[PDB]
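Coming up is one lone chain in structure tokens, specifically the form deposited in one PDB entry.
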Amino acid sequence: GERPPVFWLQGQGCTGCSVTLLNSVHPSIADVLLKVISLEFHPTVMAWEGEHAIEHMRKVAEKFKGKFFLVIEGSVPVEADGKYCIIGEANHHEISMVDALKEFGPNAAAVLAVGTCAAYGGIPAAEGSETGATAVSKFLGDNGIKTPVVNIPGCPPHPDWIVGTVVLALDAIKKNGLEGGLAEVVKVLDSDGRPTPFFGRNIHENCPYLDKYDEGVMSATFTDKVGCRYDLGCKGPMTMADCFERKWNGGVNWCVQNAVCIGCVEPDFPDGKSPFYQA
């Protein structure tokens, strides 16, 4: 069928969301771009540039008003009248992230806040920051923009969380229409906006080393893989994600096997999960 138009806007992000998506195995990223979505604007990968790229997005947004999906990566800085994140220039005026979200936010079918920065503020909003880094849902709500927001957090998210949420939403819309389908998607979001299929279970409660935790057998060095990682700083007890069985990068590892979980999907990441290397 017709692939929905998608605009991918980067605010105060590190592009790790885009890179993690490039690591999707099934479907591959080529299948996603050629068969699932129509990625009409994405500054990292798109052919055109500059004001032409901005104008192309605006033309698509006009043609598919209320029907395009807006992926937001990174936080939205509101200090200094938005000047800490300029994303383009057209007709001799700079476009801040603030401006862009106010322009396209109201007209999207839905906003997918990908990554912990976009979902909850993340590192750019952490202690010591001074740009007014703001979560997408908070920014839209503070400005009276009612467009539904789905949070797909993680620093970075797993590719499956991004692709899987898109597939879930497109399935819902196929069977119920846009408004009916988005209603169904919102029903499977937890109180932090996260789809329960990927974020509904606790890492620690499903951890393979829980037996060592219960027995008090703790690793004293990172390279001791017999013990539980709690004394080394593992934040699995306070983290809701399915990494314990989904694993990372084609199943070759995950954070707890390799070192510790740092709670990267949680709304208080990083400050509420720090220091990373002590309990």
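Between two forms, the rigid core is the largest collection of C-alphas that superpose within 1.5 Å. Start at 1 and count along the sequence shown; that's the residue number. Residues that one form lacks are left out of the comparison.
One more form of this protein exists, namely the form deposited in another entry; it is left out here, but the text below deals with it.
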If I align on the rigid core, exactly one of 29, 46, 217, 60 should have its C-alpha move by 2 Å or more between this form and the one not shown; which residue is that? 29
Are residue 182 and residue 29 closer or farther apart at their Cα atoms in the other entry than shown, with the shift being 3 Å or more? closer
Your call: residue 254 and residue 36 CA atoms, closer or farther in the other entry versus the shown structure, by 3 Å or more? farther
Regions of at least 3 residues displaced between this form and the one not shown by 2 angstroms or more (CA, core superposed): 27-33, 35-37
